[PDB]
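Throughout, a chain's letter reflects where its sequence line sits, starting with A, and its residues are numbered from 1.
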Amino acid sequence: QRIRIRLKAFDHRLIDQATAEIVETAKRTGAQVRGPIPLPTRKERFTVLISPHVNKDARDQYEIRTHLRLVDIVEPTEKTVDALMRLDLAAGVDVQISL
Amino acid sequence: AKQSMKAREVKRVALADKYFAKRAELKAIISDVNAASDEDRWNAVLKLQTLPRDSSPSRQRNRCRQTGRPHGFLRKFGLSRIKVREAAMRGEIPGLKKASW
Amino acid sequence: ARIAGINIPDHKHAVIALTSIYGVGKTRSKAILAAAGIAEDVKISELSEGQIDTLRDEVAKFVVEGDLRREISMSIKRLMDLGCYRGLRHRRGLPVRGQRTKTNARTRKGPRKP
Amino acid sequence: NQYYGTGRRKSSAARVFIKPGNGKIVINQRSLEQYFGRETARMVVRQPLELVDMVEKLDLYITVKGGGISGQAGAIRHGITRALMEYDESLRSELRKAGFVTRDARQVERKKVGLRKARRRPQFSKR
Amino acid sequence: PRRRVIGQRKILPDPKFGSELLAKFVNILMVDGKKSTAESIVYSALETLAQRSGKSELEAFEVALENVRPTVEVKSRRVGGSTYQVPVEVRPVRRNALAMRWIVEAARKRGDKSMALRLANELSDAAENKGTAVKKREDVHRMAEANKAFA
Amino acid sequence: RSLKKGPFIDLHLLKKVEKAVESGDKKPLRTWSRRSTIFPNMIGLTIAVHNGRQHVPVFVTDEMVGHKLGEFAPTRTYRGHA
RNA sequence: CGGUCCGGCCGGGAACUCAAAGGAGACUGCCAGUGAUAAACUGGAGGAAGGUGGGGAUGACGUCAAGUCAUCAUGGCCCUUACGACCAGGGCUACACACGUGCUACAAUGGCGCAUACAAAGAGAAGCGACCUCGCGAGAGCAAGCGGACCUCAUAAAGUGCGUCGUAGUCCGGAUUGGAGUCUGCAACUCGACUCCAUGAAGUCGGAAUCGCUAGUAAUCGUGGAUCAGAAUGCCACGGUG
Ligand SMILES: [K+]
Ligand SMILES: [K+]
Ligand SMILES: [K+]
Ligand SMILES: [K+]
Ligand SMILES: [K+]
Ligand SMILES: [K+]
Ligand SMILES: [K+]
Ligand SMILES: [K+]
Ligand SMILES: [K+]
Ligand SMILES: [Mg+2]
Ligand SMILES: [Mg+2]
Ligand SMILES: [Mg+2]
Ligand SMILES: [Mg+2]
Ligand SMILES: [Mg+2]
Ligand SMILES: [Mg+2]
Ligand SMILES: [Mg+2]
Ligand SMILES: [Mg+2]
Ligand SMILES: [Mg+2]
Ligand SMILES: [Mg+2]
Ligand SMILES: [Mg+2]
Ligand SMILES: [Mg+2]
Ligand SMILES: [Mg+2]
Ligand SMILES: [Mg+2]
C-alpha cells in the first residue's frame, strides 16, 4: 500500500523537526519515502475592540497560523509500522495518518 | 455579570441538551410531506408546546465563560473580546500572536 | 387606438404600450402579447384591427382597470373598519409595514410640517 | 530549444516560451485577438517586439493565470522581455531604457481599521 | 508640497495613433476608471470630426486645441486682507491641460444625444473659434487684461 | 407569513374556546396569547386580549378569521404631540 | 515525450506556475560634482528594487479630576419577606419635529434583452451541502462528496460584441401600498428576511455652509468573514478597472 501522514502545528520549527524525525525513522527502517511537502498554511485572523467601553476605531488584530506537512510512504514494511507508531513527538504536533 | 443571569444560562443549556438533539423527532419526522400530513401532523404541532419554553437552542445567549458578557463573544475561544485580549497578551492562548501583514 | 382597457396608449412598442393600462406591468404585458401571437418590438402603428381586439380579448382575462381600483379600495376600507393594526395605520397616515417613524416616514406623511 | 521567461504584474503570472520562427502568438490555446478584446492590451503585449524587430521571426507560446485584463497583459510583456534576454543577451540595455525590464511592484494597498478604504477616511464634522 | 519636490509619472501613448496628448485627453474624459468606455468616445468623436468637416484627423484635433489654449491667466496674491489679481503667464504643460479640461466640460453640458457628437460639435466650434470652450478662454483673457496694471 | 402547513394556536386557548363552544356565552375570555390565529370556531365569543397592562375585549366577527388576536389590541398609547 | 473518449484525463515528466522551509540581495556600497581636507546634499552607472523601495505593527515624560463601578476587580455607602429571585405579556422599533453618519437615485460615459472573457482572499460537522427531479421564483424532494491545494459555499461584476430605447418625469428612479407565497424558529400581530403579480411618491444635480484624497491613491465594480436559529446600506478583510 501507501500510508499517508498529515502533520499540523502552530509552529514551523517544531513541525519540521517532527517531519525530519519521521523521514529519517522510515528509511533507517528501510522504506522509500515520498515528500515531505509543505501544504498551504491556513491563517485565521481576529479583530477585537481593546477598550472596555466606547472608542470603536481602536482595535487589535491577531492571527493563528496552522502549518501543514504531508509525507507519503512507499514501502510499508512490518518494521516501518512499529517504528513510526512509537515515536517521541512533541506536544504541539497533531498527527493523523492514512491507510 | 449578575450571578442569576449565568444560572439562567447554565440551566438553559442543560435543559436544552435534556430534550433537544434527542427529541427533535416531533418536528423533523412527523411534520413531513407524506401520509402523516393528516391530523397526526397537527397533533405534532400541538405537542411541540408541551415542552418547556426553554429546551430550544435559540434561547442560548452564548455568553463568555469567565465574566458572562453577552456581547463581543468569540466562538473560537469561548471568551469575550476583553478576556481574549487580556489572556493573549499574557501568552495563554497558544499560537495567538499579534497579526501584522 | 384603445383596448378593453379603454385607456388610449402610445404609438410606441406594444410591450410598453400595454404598460399604460392600469393593472398590467411588464410581465403581464409579455403574457398578453405571447398569447395573442404578436411580437414585442411591434408598435401599435403596424397593428391592424384584427390584431387589436385579439389583444382586447386577451386583456379581458385579468382584473385590469378601475374595476381593479374598486378591488383595491375594498381591501383598504375593510381594514379601516376591522379595527386591526393595519387599519389603524391606514385610517391615520402612518406607514403600515413596520418602518421607522422617528425619522424617514416621509412619503407616507407627506412633506414635513413644522 | 525553447527560450523561457517568467513575468508578473499585479496578481497575474505568465510563462512565456519563444520558438525560432514565424509570427504566431497563441495565448491559453487562443490567439491574441480572441483573448484580449481590448486594443490597449493587444498593444502592450506587442510592445517589447517592435524595439526588437520580429516581423514573423519568433513563435510565442504563452499561458497566464490570475488578475484581470491589464494585469495579464503586463505580466505577458514582462515575461516576453525576460525570454528575449535569455534568447541573445545583447538586448538588455535598450530594453532597460524602454522600462520593460522593471517589474512593476505596485500592489493594492490593504484596507485599514477605522478607514473606509486603504486611505479614504470617513466624513468629519466639527460638531 | 513644502519639502519633497517631485518628478512626474510617464504615461503610455494612444494605441491607435501613438499620441500621448490624446492619452492625456482620454484620461481627462475618463469617469470612475472606465478607460475602455472613454477611448471609444474619443475615437468616435475624432472620426466624425475628421470625416464630416475636413480630414487630417489629429492635425484637426490640435487645430481645435490651439484655439482654446490660454496664454496668460490670473492668480491671487495675499498681502493684508486685500489680495490682488496678478496676471501670470501659463506654462505649456498647463496650457494643454487647461484647454482639454475646458473642452471636456464644454462638451459635457450640451444637449445633443451622444457624448461623441457633443464632443464633435465642440471641436468643430473650437476649430472655427466659436462655442463656449473658446469663450472660457477669452473670459480669462478679458480678466487678465483687466488686471494688467498689477504686473 | 407562516407557511401553509399549519396555522398556529396555543392549546390552552384552543381548549378554552372549546368549552365556550358547547357550554355557551360567558364572561370575556382572559388570554395572553396574542400570537394565535382566529379560527372559524370563535365567531361570537368575546376574547379579552392582553396588551401589556390590561385585557381589551374583542368581539369576534367573521372578517377577523385568519388574523392574529394581537392585531385587535394596540400595545402603545399615543395621542398628538403638542 | 507516448496514447486519448480531446478534460492533465491516463502512462509519465520534476522543466515551468505555485506551495513553504532555508539562503542571497540595497549599504549612500560604487562613479563624478558641490561642501568647512566635514557630516551631508544634486546627478549617473549597475540592478527586480535607490537613497526610510511600498504598507503594517511599534505611541517617550506628560495633558484633559477625559471615558468605563453596566466586562471584570475593588475602598466606602445603601437594599436584605426586597433595590434580591422566578414566570407570562408588553417595551427598548413610539413620532409634530431638529441634527450626525450612510445607501439608492435624478440617466444616454446610460436602461433593458441575448451571447461571451479575466480574480483574490476566506469559511465549513446540531456545518458547507453538489448532481438529478419539481416550482415563474424565493425554495422543496432525494442525496454524493468534504474536517478539506481533493468536496461544497461559488457561473465574480464592472468589461466586450449585437439589438433596442432617442432626451421624456421616460423602457430613468423603485419609495409606498394591495394581493399571493417561501424559509428559519415554541412562536414572525406589535416586530424578520426573501420571492412573484400589481401599484410607480419624491427626485431633472441640490441655499448659506462643509468633507475626503498625492498612485495602484481617489473614483467605480463585485467577492468573503466575524456576530449569528433567522435577521447588514454597518464593521473587518479581498481582488478587478484605474
Ligand atoms: K401599469
Ligand atoms: K464600588
Ligand atoms: K417585545
Ligand atoms: K416601527
Ligand atoms: K446607510
Ligand atoms: K446624509
Ligand atoms: K417578527
Ligand atoms: K418607470
Ligand atoms: K445568520
Ligand atoms: Mg440568539
Ligand atoms: Mg425593521
Ligand atoms: Mg479596491
Ligand atoms: Mg465607524
Ligand atoms: Mg465623531
Ligand atoms: Mg527542483
Ligand atoms: Mg469626570
Ligand atoms: Mg419575558
Ligand atoms: Mg436602540
Ligand atoms: Mg450553487
Ligand atoms: Mg433628464
Ligand atoms: Mg501624505
Ligand atoms: Mg453603479
Ligand atoms: Mg462587504
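Of the candidates G:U167, G:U199, G:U214, G:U214 carries the atom nearest the D:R119 side chain, counting heavy atoms from C-beta on. Closest to the side chain of A:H12, out of G:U17, G:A21, G:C238, is G:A21. Relative to the side chain of D:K65, the nucleotides G:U17, G:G141, G:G110 differ in distance, and G:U17 lies closest. The side chain of F:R34 approaches G:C189 more closely than any other nucleotide in the set G:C238, G:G110, G:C189. Taking only side-chain atoms of C:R28, from C-beta outward, the nucleotide of G:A126, G:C197, G:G55 with the closest atom is G:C197. Minimum atom distance to the side chain of A:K56 is reached by G:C235, of the listed G:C235, G:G242, G:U190. Here the nucleotide nearest the side chain of C:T101, chosen from G:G89, G:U101, G:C95, is G:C95.
Rounded to the nearest Å, the gap between the P atom of G:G174 and that of G:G203 is 16 Å. Between the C1' atoms of G:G206 and G:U155, the separation comes to 42 Å (whole Å). Straight-line distance between the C1' atoms of G:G2 and G:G8: roughly 14 Å, to the nearest whole Å. Here, G:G242 and G:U160 have their P atoms 11 Å apart, quoted to the whole Å. Taking atom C1' on both G:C213 and G:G33, the two are 39 Å apart, rounded to the nearest angstrom. For the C1' atoms, the distance from G:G139 to G:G230 is 16 Å, rounded to whole Å. Across G:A229 and G:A188, the matching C1' atoms stand 13 Å from one another, rounded to whole Å.
In this entry G:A215 carries a south-puckered sugar, per its negative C1'-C2'-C3'-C4' angle. A north sugar is assigned to G:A144: the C1'-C2'-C3'-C4' torsion is positive, on the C3'-endo side. Judged by the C1'-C2'-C3'-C4' torsion, which is positive here, the sugar of G:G179 sits on the north, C3'-endo side. North is the pucker assigned to the sugar of G:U184, its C1'-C2'-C3'-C4' torsion being positive. A negative value of the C1'-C2'-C3'-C4' torsion places the sugar of G:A65 in the south (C2'-endo) family.
When the shell of 6.0 Å around NZ of D:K111 is examined, it contains more than 12 heavy atoms from other residues, nucleotides or ligands. D:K112 NZ: more than 12 foreign heavy atoms inside a 6.0 Å radius.
Base stacking between strand neighbours G:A94 and G:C95 is detected by the criterion of six-membered ring centres within less than 5.5 Å and interplanar angle below 30°.
In this entry the distance linking CD of A:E44 with P of G:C236 reads 19 Å, nearest Å. Whole-Å rounding puts the B:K76 NZ to G:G147 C1' distance at 14 Å.
Between F:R76 and G:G91 there is a side-chain polar atom (N or O) within less than 4.0 angstrom of OP1 or OP2.
When heavy atoms are screened at a 4.0 angstrom cut-off, F:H81 is found touching base atoms of the nucleic acid. When heavy atoms are screened at a 4.0 angstrom cut-off, E:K34 is found touching the sugar-phosphate backbone but no base atom. Within 4.0 Å (heavy atoms only), D:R96 reaches at least one base atom of the nucleic acid. Note on E:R108: a base of the nucleic acid sits closer than 4.0 angstrom, heavy atoms only. In this structure, A:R65 reaches neither bases nor backbone, as no heavy-atom distance under 4.0 Å exists between it and the strands shown. C:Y22 comes within contact range of the sugar-phosphate backbone alone, with a heavy-atom separation under 4.0 Å but no base atom that close. Heavy atoms of B:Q60 sit nowhere under 4.0 angstrom from any nucleic acid atom. Among the heavy atoms of the strands lying under 4.0 Å from F:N51 are primed sugar atoms or P, OP1, OP2 only; no base atom is included. Looking at heavy-atom distances under 4.0 Å, C:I21 makes contact with sugar-phosphate atoms alone, never a base. Nucleic acid contact class of F:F72 (heavy atoms, under 4.0 Å, all strands): none. Within the 4.0 angstrom heavy-atom criterion, base atoms lie near C:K102. Residue-level contact check: D:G114 touches the backbone only, with heavy atoms under 4.0 Å from sugar-phosphate atoms and none from bases.
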> Yes or no on side-chain contact (heavy atoms from CB on, under 4.5 Å) for F:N51 and F:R76, after CA distance, side-chain angles and deciding distance?
Replying inline: CA-CA 9 Å; F:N51 59 349; F:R76 282 192 285 262; over 6 Å; no
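With hydrogens and angles ignored, a donor-acceptor pair closer than 3.5 Å exists between the side chain of D:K10 and the base of G:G216. At a cut-off of 3.5 angstrom, the base of G:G216 holds at least one donor-acceptor pair with the side chain of D:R9. Contact annotation: side chain of B:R75 to base of G:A226, donor-acceptor pair absent below 3.5 Å. Between the side chain of D:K117 and the base of G:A219 there is at least one donor-acceptor pair of N/O atoms closer than 3.5 Å.
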>> Using a 4.0 Å heavy-atom cut-off to protein, can you give one letter per nucleotide of nucleotides 170-186 of chain G, 5' to 3': B if the base is in contact, S if only the sugar-phosphate is, - if neither?
In response: -B---SSBBSBBBB-SB
> If you write RNA chain G from 5' to 3' in dot-bracket form, with Watson-Crick or G-U pairs under 3.5 Å, [ ] for crossing pairs and | for pairs with another strand, what do you get?
Replying inline: ((.......))...............(..(((((.....))))).....).......................................................(...(((((((.....(((..((...(((....)))...))....))).....)))))))......(....(((((((........)))))))....)..)............(((((((.........))))))).
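Smallest separation of non-hydrogen atoms from F:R34 and F:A73: NH2-O, 2.8 Å.
Judged by distance alone, with hydrogens and angles left aside, the side-chain atoms of A:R65 form no donor-acceptor pair with the main-chain N or O of A:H12 at under 3.5 Å.
Note: F:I47 CD1 to F:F72 CZ = 12.0 Å, rounded to the nearest 0.5 Å.
Comment: A:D94 does not engage A:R6 in a salt bridge, judged by the lack of any side-chain N to carboxylate O separation of less than 4.0 angstrom.
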